[PDB]
Every structure is written in structure tokens, then in C-alpha cells.
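Worksheet: one structure, shown below.
Nothing in this text is a laboratory measurement; each read-out follows from the coordinates by a stated rule. Reconstructed Cβ throughout: ideal geometry from the backbone, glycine too, with neighbour counts over all protein chains shown.
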Amino acid sequence: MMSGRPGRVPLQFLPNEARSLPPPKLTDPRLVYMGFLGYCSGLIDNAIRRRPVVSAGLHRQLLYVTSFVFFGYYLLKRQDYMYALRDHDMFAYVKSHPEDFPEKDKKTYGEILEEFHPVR
Amino acid sequence: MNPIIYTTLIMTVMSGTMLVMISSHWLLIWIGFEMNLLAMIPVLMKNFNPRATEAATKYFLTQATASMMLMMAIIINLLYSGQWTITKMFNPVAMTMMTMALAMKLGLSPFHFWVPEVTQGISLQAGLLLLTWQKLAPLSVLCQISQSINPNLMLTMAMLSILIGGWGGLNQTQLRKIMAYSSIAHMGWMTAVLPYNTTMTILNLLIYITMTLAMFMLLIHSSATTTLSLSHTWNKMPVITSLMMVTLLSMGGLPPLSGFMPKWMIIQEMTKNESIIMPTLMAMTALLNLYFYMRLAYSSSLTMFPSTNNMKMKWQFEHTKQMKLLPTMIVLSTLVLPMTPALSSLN
Amino acid sequence: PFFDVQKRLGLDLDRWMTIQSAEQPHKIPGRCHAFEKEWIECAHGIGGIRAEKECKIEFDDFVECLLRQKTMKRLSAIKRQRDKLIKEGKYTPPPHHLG
Amino acid sequence: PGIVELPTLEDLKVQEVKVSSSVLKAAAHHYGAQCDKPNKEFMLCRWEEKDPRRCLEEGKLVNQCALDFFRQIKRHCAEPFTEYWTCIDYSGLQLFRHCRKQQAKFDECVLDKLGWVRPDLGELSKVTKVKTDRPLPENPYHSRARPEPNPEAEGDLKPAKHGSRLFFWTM
Amino acid sequence: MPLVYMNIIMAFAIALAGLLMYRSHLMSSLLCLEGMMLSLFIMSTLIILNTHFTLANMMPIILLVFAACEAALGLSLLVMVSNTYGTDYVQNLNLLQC
Amino acid sequence: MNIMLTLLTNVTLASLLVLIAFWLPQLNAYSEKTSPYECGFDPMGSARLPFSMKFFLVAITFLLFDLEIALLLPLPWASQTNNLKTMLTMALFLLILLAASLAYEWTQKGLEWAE
Amino acid sequence: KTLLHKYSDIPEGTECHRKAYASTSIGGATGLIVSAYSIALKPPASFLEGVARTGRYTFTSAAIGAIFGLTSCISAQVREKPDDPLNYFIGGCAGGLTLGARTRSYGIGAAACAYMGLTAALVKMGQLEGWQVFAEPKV
Amino acid sequence: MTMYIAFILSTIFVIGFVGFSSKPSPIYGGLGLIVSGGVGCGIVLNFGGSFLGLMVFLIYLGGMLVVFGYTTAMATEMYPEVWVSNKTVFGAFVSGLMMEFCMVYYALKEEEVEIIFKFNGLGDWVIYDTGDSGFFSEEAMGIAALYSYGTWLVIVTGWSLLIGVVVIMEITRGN
Ligand SMILES: CCCCCCCCCCCCCCCCCC(=O)OC[C@H](COP(=O)(O)OCCN)OC(=O)CCCCCCCCCCCCCCCCC
Ligand SMILES: CCCCCCCCCCCCCCCCCC(=O)OC[C@H](COP(=O)(O)OCCN)OC(=O)CCCCCCCCCCCCCCCCC
């Protein structure tokens, strides 16, 4: 679908104009869940290797949380970019096409004839 | 095979698939497919057993035929348009021509007959490469040319893929044949949504990638190829059987596990495209995959099959493998549903 | 392509040959250089959906340029009626027909 | 869908040079530089006007300008022409290398008889500016109107309204 | 479209059928496969030569040198089958089955 | 016109030349006369068996080698290009890879084929 | 889908012979396709019994196609209700019963009665309402 | 005759293809295929493709199919399966001689053959283009661009060929 929009430079994970958006806050609930995923990998990582799960290689799972958080963070900015982009050119289109978006008439519920079905 | 030779052979196979995804010229698309084929056979030949020779021969004949049949689709499009650019092509017969040509490479329609047998003959590691990496290249062409496809022709091919792929899965003992039948079933899910919106065709791809890496490398870690052989693994390492049943449930698509994310989004898309009977039937056939999924889960960890006294040596020793990327694989393959709106990144 | 690396780093790998109106050795033309150049510039910065119908005239003309279907059918009908008439001895070809 | 307009055969009855190939090749060097002005005018028309029917008037001019080049040499040493083009004709590939003596004899007259000069190597291949009076064609390809490009994106990017807006996800 | 183009196109289609309609010698199958590409090589030359796609004169060799590569694989698999089984029959090449 | 005419003439010349070499000598073959000659002794029933791999291995190497040389026929016209440096680099590449294929094939036994 | 178009062109419960001819043609072609497949994947050891196998499959599929042709059309003709989905349901069950007769088993015939009759209603449900199975890309 | 000479060469091309596609003896199938290989070159030659036409003679007639004879000499099924050996091959050969004879007659009468594509049965010579090529043979200049513009293809074609030799010895090594 944004597959061929004008200006999309290929192989650009985060285009420069995306910087005009509010960056994800460092404790965004989506981000901490991404950090959860890093930790959850750590516990099982000692499980396959048959290590004392929780208290086993504090260095190992510590790196997992760091890696998942950053890769999560850049993903969230990119994710926020498209949704902002998807809504942006959306709005630019509807103003450019007034005839295809009529303003529906303002009638209150008093004049609307909605038939009533009893439950009996 | 010498590891340096093995590394190069994989390197070309990866580059050949990479070549397909990065070529704007139809000839180069074919170049990637053939040279990926040219190096796929020796990897299947690494074990060099008569079963493998039968498997590799079967794989080469179908892939070479599909690739050769692919040339006419390029030539006919050339003949009627004089365009080597990979875009919306300009001939219904040529469009039809390549669609089965690529489908045979993926193995969705009756074309799928090579997919199970080749996996059975060749080693577990080779099967992992064949069923995961070798599916990116044919999909790459379909994504680019999705706008030209006949909707009826592609939806059918997707239907029999999940239909037959799930149906025969109930009658498989060998885990390798189970995985391939699962692969054919999963092939239909991505291919069905392909004409409508390619974004979640990709989303299904990486997700379906995750379990198959998760399952196969778990199976390699188990060093088991049959259902009974898998059953004995509870005694040695009960924990691994526990994760496998999570992935087995996840790959089946039960919420909130990751495998539900593709199917849910797939149903949502064609529902937006007014196609509402089509999603319903695939969902009904989705339980067919879940059945032998449960049967494996019943045999693996949910129950406790009898073991053999010779298992006692396995307790004393330990695994020497490093199962690289296995920790993050299953976690990314079982609980990522809350991170669903990240699919817009693919767009 | 799926990953347009060519566009990103700007090294021409295949597009030099994807169409026939591009640079050609010794600057010699294709059969339909004039037509496909017209179609290409018609369908640039437009999009596949819009260019399918808007630049239809440039397309079938270009398709007819290299297929030459209706032109060949035109000649076939010309020839078919000729032998359907001269065999009846209704009109005789002039000397320049036979040299 | 129209008329393929073709000129009548009347204007095509132009005087044509009647000489064998070797005759042209033997005097080609002494022909190109000395009849360049009409030759360039005609071939400029061929590449600019891009249509054969437009350059009919110039087409007969070069043919005519060939004849008055092929007439004074008859009123001058046509005899060295004879064996020179005869010797060139003997060559299968019309190679100048074998027949150079007759080339010298041919060149000797035109240095004095008409006072021409042998063009040097590369001189004939030089791109030359031709001075014409015809206007340049407006649309030589007869291009039609061009489809209007779809309007470009504009305006500053704003945050997505109410987040992803995908099912229950608030952000 | 010119009558000749049918002859190559139909040549491919009947070559395609021979590749799929098997018998008992996958050696004979490989012949239909390389004949299959020969029509592809032949036909590609006609359009490219006809339309004066000068830079496209490339691919008839490129298609040749890659279709020829499959012969290396295919014939190599031939002798591999003809070593674990001795012969080049296809009905016996069903050890996979299950 | 002349090309296949030249081809046509040779084939008829060959066919008649064997035709008058076949019907003229008044063929008088018998069973023992037509029996296969095997160094003057009895044939044991053969010429229907596979021959290991060496003859096949060299054939494939020749085929692969023949394909690369096929890529480098157009060199005489390639030298007439405008950009020699690219052509010089590229043609050198084909030859050194042709060398490398020979180099590997040599090092890993290869041309010393099986016995 | 010209062969399929024949059935749609004939109005429901009108010109029953045409509907039967159109319906049995659909069944005959469908039986031919599956029979040709069955010959392919499963080798008919002797050629003559191969024609026997495809004969059985085509004869069956034609019978279901034919019987559904009448029962659907005559019911609409008799009851003067073309829009009624029940017209196909009885025909669907009628076709399923014919399958049981060909296989000579009440259980399979009963199972085919319910399933085919339900689907026969559903396809008529779609034709009336406008359901599309292979919807064109809309969004 | 020379009116429709390329009609002829295309016709032996079809019957040559029907030959080996009918699955005859692999040498006999090779014989039928090389016959098609021989006649196909003339089709390209008639279009000016001398260099392309001569190559298929070199690397396909004298190339691939020569090593094909080795496997036929290596296979050597216990009896020749020449055309007389089987009756299906005769039926396959006989059949493949009908429909192409049917549609040429179909195309020779009204020329409106609509098999898959619409096709004109007009003389082969028509679709040719009129125009001088000067001194540069268009076929030669196209191929010689291998080392001018076909840089990228040269690397990939060369690299695959190098990988072509590494696989062949590895699969044939038999562990
Ligand atoms: C979505 C629905 C659910 C989906 C997943 C369901 C999975 C299970 C489903 C059933 C599976 C089959 C039946 C059970 C199989 C059991 C497999 C097994 O191996 O069991 C025995 C094994 C013995 O334990 P052992 O490996 O020795 O490890 C002990 C801990 N060191 O046991 C093990 O190996 C298990 C080891 C578990 C270790 C848990 C460690 C927890 C650590 C928690 C840290 C919390 C930190 C909180 C911090 C708060 C402040 C921030
Ligand atoms: C409104 C327009 C249409 C009006 C007419 C009604 C529709 C057409 C007629 C009915 C078609 C569906 C009914 C089934 C027809 C095929 C029956 C068949 O193949 O029977 C043979 C066989 C079953 O017997 P078997 O299991 O082999 O046991 C004996 C073994 N010796 O078969 C098998 O073994 C394989 C399993 C059965 C075959 C696969 C499924 C075939 C049907 C698919 C749907 C067709 C829908 C057609 C109509 C819509 C499309 C046009």
C-alpha cells in the first residue's frame, strides 16, 4: 500500500522528517513490554543450558534487556512514523477531495423515524 | 563437506535470495532463482544417504522445471510488452503462466507434492534452511507483482495449500513430514491475503519464520526425528519439551500466543475486502493443523511416554551445541501479540 | 524491487537494459524507440493504476509498433482480397508490381 | 484512425545520379567537404524534422548538388577519374590502400583544375554547425498533452490521532 | 502474431509435456528439460533480434550459460542415482514414499 | 541460397558415395561373419554397464569450462568498445575465475580423476 | 465460466430440461476432473479398468448434478417460489441420496444428504443476497 | 519454397522437438534434439543472428549434448528403447505429428488461429524491419556490451559458474 509514496527513499529505517514527531517517552508502556521480552529470553536462556535460571549469568540476561529495549525503541519511532504518515496524507486527501466526502445533514433524534420492535 | 565450502555454499544461497529481492530486471530475478537452486542441492547432499539422493533429485526436478517455466512468463511478457522491469505485467496468459511457476517453488497447489518428501530425505538442519529461507525468494516476486494477479487463480492456490496441507497432516508420524505439511498450510495463509494487502503477507512471513526456526532448532536440540523419538525427550530434558509445547500451541494460533497474530490480521483484511466466506473456511481448516499439533504436544510433554534404560547415559553427559539465537527465537515466537501495531513498520 | 538498494546507493546494476530507449551501444536505436519513449514519459510520476488508463493511447500504439498485429492483418486482408480478385481476372497488376 | 499522408509522385521525379558505387567512393572525400552545405541542411532536417516527408525539397537539392559536382570533373580531367574508379572497383572491399597512385593523379588535377583540396583524416567526421532558415519543429514526435501528476504531499507531519487506532490498542 | 512464433511456443509446450509426462528414464526427462530451454533460447533471440533490443542481445547467452549449469547439476544427480541404484529408472526412484 | 546448397551437395555426395559402397560390393554376410569381433575369442555379453565417475567427471568439468569460454567469444568486438578499462577489468575477471575454477579443481584432486 | 453461466442464465424453476442439462454438464465436467486426477496419482494398473474408474466417477457426479437439476427446478416450479432456499436444500439432499445409491451405503448417503443440502442452500443464499467468495481487491 | 522458408525451418523444429519429447532412446532422443538444435540455428541465422546462431551449434550441439551421450553410454538400459521397442513412443510420435499439422492448415486457410494467443499465419518474412545497420553488426555490438555495460551480469554469471564447479565435485565426491 506505503510502498511507493513520493519521497520514500529505499532502505531507510527512519526517514529524517519523522523526527518532527514526539519521540517515544523512555518509559513508554509499549517500550517496557519490549524490555520484558528481553528478560523473558534471559530466564529461558539459562534453562536450555541448564543453569540456575534467575541467578545464572547476570551479564547474559542484562544484555538481553538492553538489546531488546533499543531495538524496541527505534521500532516504536518507526511505528509511530507510519501511523502519523498514514493519518497525514489521509487528511491532505479529504480536503483535496471535498466532493467525495459530503457533510451529512444535522438531524436530531426527534425527527428520525426509528421503528420500534417490542420484546413482548 | 569442508566448513569453508559449506559457508560459501550458504553464502551464495543467501545472496541468490538477496539478489531476487533487489533486482528491478526480470532476467536478474531468474538469475537469483537458478543460482540459489545451483547451491541448494549440495546442502541437501551433505549427509549423502540414498534417501537424501532421492530427496535432492525430487527437489531439483520440480524447482528447475518451475524456474524454466518462469522464463516463458518473462519471455511472453517481453513479447507482448518489451519490458524487462519487474512490475504489473501486461498479459493474462503470462500472468497466469508465472503464478503456477512461482507456486511450484513455494509448493501450494498439488505442486506441493515435492515439499514433504524432500524434507523427509534430507537432514534436520537442511530442512530448516529449505522451509524457511528458500521461501523468501518466490514470495519476493509475488509481493512486487501482486497488483497484476488474477484474484480467483491465486486465492484457489492458497485454498488448496491450507486445505490439503492441513488435511494430510493428521496422518504423519515423522516430525519432518509434519513440519512440511504445516509449512504448506501456513503457505496458504500468507498467499491468500497476498492480492489484497501485501503488508501482512510479510507480517505472516517473519512470524511464520519465527516458529519454524523455533521448532526445527528445538527439534535439532532434541536430536529426534520421529514422534516416538521425540516422546523419549521428556526423560532427558523435560524443559525443552515444555517450550516446544508452547510453540506447538503458538504455531497452532491459540491466543494470546504469537501465532494468532497473523491469522487474526489476515481475517481482518479480507473482511475489509468484502470477502467474508473465504476467511471463515480457512479458520475452520486451521483447527486441522491444531489436531496433530495437539497430538505431538500430547506425546511430547503433556503426557509422559515410556523411556528406555539406555537413556541413563544421556543424563550423565551434556549438550555441546550452542543453539545460536534459540533463546530470543521462542520468546519472539510465542508472546508478541501485545506488540501487534508494530506491523505498520513493515508498510 | 523489493529492496531498492540500487536507488539508495545509486549504482546502476540492471536498469541500463530494462528498456530499449535508454543508452544503447554506438547510439543505435531499437525498433520502437520513438513510441516507447513517448509511453515512458507519459507514465512517469503517475502511478501504475492511473497510467494504465490515462496513457492507454501511447501503450497500444507502442504494442502495435513491436507486435505489428493490426498492420499485418491489414496487409493480410489486402493480400487476401487481391488473390480473391485477380484470380477472377478483374484487375491486372501494373508493371511496377512485376518489375 | 486518419490518413497516412504521402507525397504525390510528381515531386519524386527528381534527377538521380547514375554512377556505380566505386565512382562515389573514389570521389567521396572530394565530394563531402565540397558539397557540405546542402548535405548538412538535408541531414539536419532528417534528424530535426524527424519525418521523411518534410525534407523532400532538400532531398532533391543534395541530389542536384551532387550533379553539378559530377559535371565539372567531366569538363576537367575525367580521364584520371576513369582508371582511379576502375582500380577501386577492382577491389572487393573498395580499399584505397591498393590504388594510391591513381588517387595521387586524381588529387593532382583537383588541386589545380578546380583547386579543391583533399580533406584530412577526421575532418569529414567533424561535427559541423549548419546555418538554416527553417524553424525548429515544436513537437517532432507529435506528442499529446501530458497527464497531470497527482498532487504532492505537503504540510508538517502531525502525530497520529489517538495512536495506532488498531482495535483495543490505545497508543 | 507471426506463424513462426507458434512453432517455438508449441515446441516448448510439447517439450514441457514430455518433461512432465514421464516414462522410465529420467535421462530422457533431462533431454526435454534442455530442449525446453533451447526453445526458450531460440524464441528469445527472435524477439530481441526483431525488435533491435541491442543491449538485450545479452540474455540469449545469459539464459544459455545458466540453463547449461542445470545440466551439470541434473546429470551429476543422474550418476548419483545411477550409483546407489545403478540405473536411471524413475519408478525405482521412490525410496522416500513415507 | 548457396549456404545450404553447399550443405546439400556434400550430404548427397556422402550418401551416394556410401550408397555405391553398400549395394555395389554385393553384400554376402553370414552369421559368423556378422558376429562381433573380440580379439578373436568369445564375447561374454557386455557394453551395457556404467563406467565409474572419471569419464563423467571430466565431461562435466569440460561442459562447465566450455560455458565460461562461451562467455568470452565476443572479446574481439569487445576490444572495440569505448570504455576499455571496464572491458579490460571484466574480461580479466572471467579469465582469472576460469583460472580459479581450474585452480580449485586441481587442488582438490579433480583432474587427477578416479581410477 | 460459460459452462457455469448456462445454469445462471436459465431462470429458476423454468425450462427444467435446460437446467437439468446445464446441471449435469457441471457434474460431468467436475467428475471428469477428479477422475483424471485419480488416474494420475493412483495408477490404474490396466488401461481398461482405468476407463472403468473414470466411468464410475463421471457417472456418479453426473447423477448428483442431474438429480439436483430437476429437484431444484421442479420444486420451484411446483411451489412457485424461486427465491426459496429450500428448493436447493431438497435438491441438495436428493443429490446426496444419489451418492449413497452409487456407493450403496445409507450412512454415506445420509451424510451427503445433510452436507450437500446445507451447501446447496448456502450457495442459493449467496446468489440471492450477493455473497462473493473470490472477492476482487476492494481496499 | 523461399517464400516461406522460415515456415519450413520452424516446422522441422517442431517435429524435431516432438521426437525427443516422445521419450525415445536417450541417444535417439539426443539425435532428435540435435536435429532440432541444428534447424533452430537456421531460424536465428535467417534473422541475422549469426553469432547467436553459431553459438548454439558450439555450446549446445557440440557442447551440452556431447556429455549427454556419456550418460547414455553410462546408463545403457539393458535393451535399446528405440522407436520400434515400444508402442507408446510410436503413439507419442504419431500424435505429435497431428495437431501441428492441423493448426498450420488452420493457419494456412484463414490465418485466424486463436490457440491461447491470437496468431497470424502470414508469411514469415513480413515482420522483418527495413533499415541499414551501417558497419556495426547489431548482433556483435550487443554481445560485446558484455564488458561495457553487462558488468553486473558478468560478476553474477562468473560467480555462479565458480560455484558451479564447487558443487559438481562435491555432489559427485560421494562423501
Ligand atoms: C500462556 C499460557 C502458558 C504457556 C506456557 C506454559 C508452559 C508450561 C506448560 C506445561 C508443560 C508440560 C508440563 C510440565 C513440564 C515441565 C518441564 C520440566 O523440565 O520440568 C522440570 C523442571 C525442573 O526444574 P529445573 O530445570 O531443575 O530448574 C529449576 C529452577 N532452577 O522444571 C523446569 O525446568 C522449569 C523451570 C522454571 C524456572 C522459573 C524461574 C522463574 C523466575 C522468576 C523471576 C521473577 C522476578 C520478579 C522480579 C520482580 C521485581 C521486578
Ligand atoms: C448450481 C450449479 C451447479 C448445479 C449442479 C450441482 C453441482 C455439480 C454436481 C455435484 C458436484 C459435487 C458432488 C461430488 C461429485 C464428485 C463425486 C466423485 O468424485 O465421486 C467419486 C469419489 C467418491 O467415491 P470413493 O470415495 O472413490 O469410493 C469408491 C472407491 N471405488 O470421489 C472421491 O473419492 C473424491 C472425493 C470427491 C471429489 C472431490 C470433491 C468434488 C466436488 C467439489 C465441489 C464441486 C462444486 C461444483 C459446483 C460449483 C462450481 C461450478
- Karplus-derived 3J(HN,Hα), 6.51/-1.76/1.60, for each residue of the range A:37-54, Hz, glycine and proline x: 4, x, 5, 4, 5, x, 4, 6, 4, 6, 5, 5, 6, 6, 10, x, 4, 5
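Using a Förster distance of 35 Å, how high is the FRET efficiency between B:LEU287 and A:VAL32, based on the Cβ-Cβ distance and rounded to 0.05?
Numbers: r = 35 Å, r/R0 = 1.00.
Efficiency, from the Cβ-Cβ distance: 0.50.
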- Message: With a cap of 16 neighbouring Cβ atoms within 10 Å, and only residues DSSP puts in a loop, list the GluC sites (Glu not before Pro) found in the range F:11-80.
- Response: F:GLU32, F:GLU38
- Task: With a ≥ b ≥ c taken as the square roots of the eigenvalues of the C-alpha gyration tensor of the range F:1-108, please select rounded if a/c is under 1.5 and otherwise prolate if a/b is larger than b/c or oblate if it is not?
- Result: oblate
- Efficiency of FRET from Cβ geometry, F:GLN80 and H:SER50, R₀ 22 Å, rounded to 0.05: 0.80
- Between the DSSP loop rule and a limit of at most 11 other Cβ atoms within 10 Å, which trypsin sites (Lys or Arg not before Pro) in the range G:52-139 are left? G:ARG104, G:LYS138
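If you take the square roots of the eigenvalues of the alpha-carbon gyration tensor of the range B:1-82 and sort them as a ≥ b ≥ c, do you get rounded (a/c under 1.5), prolate (a/b over b/c) or oblate?
Here the range B:1-82 falls in the oblate category.
With charges only on Cβ, +1 for K and R and -1 for D and E, what is the dipole size of the range F:1-108 about its Cα centre, in debye, rounded to 20?
So the magnitude is around 240 debye.
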- Would you list the membrane-span-like helices of chain H, meaning whole DSSP H runs whose alpha-carbon atoms span at least 27 Å along their axis and whose mean Kyte-Doolittle value is at least -1.0? H:26-46, H:151-172
- Per residue of the range B:93-105, in order, report the coupling 6.51 cos²θ - 1.76 cosθ + 1.60 (Karplus, θ = phi - 60°) as ³J(HN,Hα) in whole Hz, putting x for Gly and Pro. 5, 5, 4, 4, 4, 6, 4, 6, 4, 6, 4, 4, 4
- Length-normalised contact order of the range H:5-173, Cα under 8 Å, at least 6 apart, in percent, tallies to 20 percent
- Task: May I ask which residue of E:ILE8, D:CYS65, B:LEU281 lies farthest towards the positive end of the charge dipole of the protein assembly as shown, with charges of +1 (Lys, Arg) and -1 (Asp, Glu) on Cβ and the Cα centre as origin?
- Result: B:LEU281
- Which loop chymotrypsin sites (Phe, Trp or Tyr not before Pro) in the range A:11-120, with loop taken from DSSP, have no more than 12 other Cβ atoms within 10 angstrom of their Cβ? A:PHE13, A:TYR109, A:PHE116
- Query: Between C:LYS84 and A:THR108, what is the label-to-label distance in nm when each label sits 7 Å out along the Cα-to-Cβ direction?
  - Reply: 7.9 nm
- Ordered by residue, what ³J(HN,Hα) values in Hz, to whole numbers, does the range G:4-9 give under the Karplus form 6.51 cos²θ - 1.76 cosθ + 1.60, where θ = phi - 60° and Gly and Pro are x? 5, 4, 4, 5, 5, 5
- Message: Based on DSSP loop calls and a cut-off of at most 15 other Cβ atoms within 10 Å, the longest stretch of chain B free of exposed trypsin sites (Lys or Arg not before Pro) is what?
- Response: B:1-320
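If you build the convex hull over the alpha carbons only and average its shadow over all orientations, what do you get for the range H:56-175? Give it in nm² to one decimal. Write out the running numbers ahead of the final one.
Numbers: hull surface 58.0 nm².
Average of the hull's projected areas for the range H:56-175 equals 14.5 nm².
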- Per-residue [θ]222 nm for the protein assembly as shown (sum of -39500 (n - 2.57) over DSSP H runs n ≥ 4, rounded to 500): -20000 deg cm²/dmol
- Item | Spin-label model distance (nm) - G:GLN132 vs A:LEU62, 7 Å beyond Cα toward Cβ | 5.9 nm
- Task: For helix F:54-71, report the angle its Cα long axis makes with the longest principal axis of the Cα atoms of chain F; keep it between 0 and 90° and round to the nearest 10°.
- Result: 50 degrees
- Query: In the range G:74-101, which residues have a backbone nitrogen under 18 Å from the label point lying 7 Å from G:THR14's Cα in the Cα-to-Cβ direction?
  - Reply: G:74-85, G:87-88
- For chain F, find the longest principal axis of its Cα atoms and tell me its angle to the long axis of helix F:84-107, 0 to 90°, nearest 10. 50 degrees
- Query: Helix B:50-81 sits at what angle to the longest principal axis of chain B, using alpha carbons and giving 0 to 90 degrees rounded to 10?
  - Reply: 20 degrees
- Note on the structure: Farthest towards the positive end of the dipole of chain F, among F:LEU5, F:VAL18, F:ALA29 and with Cβ unit charges of +1 on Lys and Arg and -1 on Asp and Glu, lies the Cα of F:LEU5
- Query: Does the protein assembly as shown come out rounded, prolate or oblate by the C-alpha gyration tensor, with a ≥ b ≥ c the root eigenvalues, rounded set by a/c under 1.5 and, if not, prolate when a/b is larger than b/c and oblate if not?
  - Reply: prolate
